[PDB]
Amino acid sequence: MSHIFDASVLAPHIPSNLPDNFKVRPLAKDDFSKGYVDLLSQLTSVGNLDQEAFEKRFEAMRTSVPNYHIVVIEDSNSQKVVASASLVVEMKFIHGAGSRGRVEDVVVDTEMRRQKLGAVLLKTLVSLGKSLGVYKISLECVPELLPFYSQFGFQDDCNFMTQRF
């Protein structure tokens, strides 16, 4: 039904190099029925997420400002969501009330990999976050993904700490 953010803000950022069966768009409320939770399960554990919790969380995200820019790719051949990536923006006071962007939950369906859907999403989100005015954008991942992330500007960084246990 509804989109998690306005598809008009995303439109200028979507590249043009994907086959016509791919549609890049905001997550939508009825993407549960399009396999979104199955997609997330390929990334990590979804725990007890079910459709009611998915819809409630989707509403909470949809009313947030800055928006949760959760961008998906729907394969029109199957009408399933086959890729997802999130650009989440934290408001700051530093840098003149600037914004700090993070690219999270990046996943492409395992059968659909090496068709460029991953690069399309990271390119779209990097362009969206620059346009939004973010001063710093980051990705938490293993950069075995070296070739991949660097061509969009990301550099290895170790100014990040997690808990030991």
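In this text, residue numbers run from 1 along the sequence as written.
When the mean C-alpha temperature factors of 51-59 and 112-120 are read from the deposited coordinates, 112-120 comes out higher. Per the PDB entry, 97 shows the highest C-alpha temperature factor of the residues 134, 139, 97, 43. For residue 84, the recorded CA temperature factor ranks within the lowest third of the chain's modelled residues. The entry lists a Cα temperature factor for residue 101 that places it in the lowest third of the chain's modelled residues. Compared with the other modelled residues of the chain, the Cα B-factor recorded for residue 1 ranks in the highest third.
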